[PDB]
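Cβ coordinates were reconstructed from backbone atoms using ideal geometry, including for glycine residues, and neighbour counts include every protein chain displayed. Bear in mind that the values in this text are calculations on the coordinates, not laboratory data.
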Amino acid sequence: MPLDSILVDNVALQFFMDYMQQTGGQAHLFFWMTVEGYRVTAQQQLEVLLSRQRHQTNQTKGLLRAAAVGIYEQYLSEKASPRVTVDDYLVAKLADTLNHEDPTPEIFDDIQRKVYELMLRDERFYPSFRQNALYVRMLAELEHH
Ligand SMILES: [Cl-]
Ligand SMILES: [Cl-]
Ligand SMILES: [Cl-]
Ligand SMILES: [Cl-]
């Protein structure tokens, strides 16, 4: 069962999360999931502010900014626990954008793609997860169909 599907099935995802915790990748996966949540929230909350011209937008904007900043500080920030590592200029670009511009849903998308790539084919994530007992156990929930 492939990573594309693992990440989006909450039964199967648990096994992968466990594996990542054990191998100390958990950070990447969390980052990814947070970004996935974040984007959708931004789209929901900012598409409301278009059809809300016919009124506390500030509340929304500040929340999204906070969320963005939180994501940065937890995961991409230099001074950060595990800290997902990717093309340093992408992170720097993101930081620049944050430091003088209202955030969009997509600010994270470039970094998120790289992180997904890492999770897919870095020998220490998915490819050795599929070589682990946890994978086998997960595929034990064919019994959940
Ligand atoms: Cl489990
Ligand atoms: Cl968390
Ligand atoms: Cl910042
Ligand atoms: Cl972008």
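Descriptive notes on the structure:
- Residue among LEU50, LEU7 that is away from ligand 1 (no atom under 16 Å from the Cβ), hydrophobic (A, V, I, L, M, F, W, C) and out of contact with any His (no Cβ under 9 Å at 6 or more places or on another chain): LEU50
- Residue check, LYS79 surrounded by fewer than 11 Cβ atoms within 10 Å (Cβ to Cβ) and among the basic types (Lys, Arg): yes
- Inclusion of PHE125 among residues that are aromatic (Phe, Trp, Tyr) and either in contact with a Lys or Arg (Cβ under 7 Å, 6 or more places away or on another chain) or within 16 Å of ligand 1 (Cβ to nearest atom) (or both) is not warranted.
- Just one residue in the set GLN44, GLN22, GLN53, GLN14 is within 17 Å of the chain's Cα centre (by Cα) and among the polar types (S, T, N, Q); that residue is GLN14.
To keep it simple, each residue is scored yes or no on (1) buried (at least 17 other Cβ atoms within 10 Å of the Cβ); (2) under 19 Å from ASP4 (Cα atoms).
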site: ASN58; (1), (2): no, no
site: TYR75; (1), (2): yes, no
site: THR97; (1), (2): no, no
site: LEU120; (1), (2): no, yes
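- Screening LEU134 with (1) surrounded by 15 or more Cβ atoms within 10 Å (Cβ to Cβ); (2) within 16 Å of ligand 3 (Cβ to nearest atom) gives one miss only, at (2).
- Qualifying residues in region 5-31 (those that are of a type in the set (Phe, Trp, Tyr) and buried (at least 20 other Cβ atoms within 10 Å of the Cβ)) - the one farthest from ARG130 (Cα to Cα): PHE31
- For region 46-90, a residue qualifies if it is within 14 Å of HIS28 (Cα to Cα) and within 11 Å of ligand 3 (Cβ to nearest atom), and the qualifying residues are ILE71, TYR72, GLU73, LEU76, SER77.
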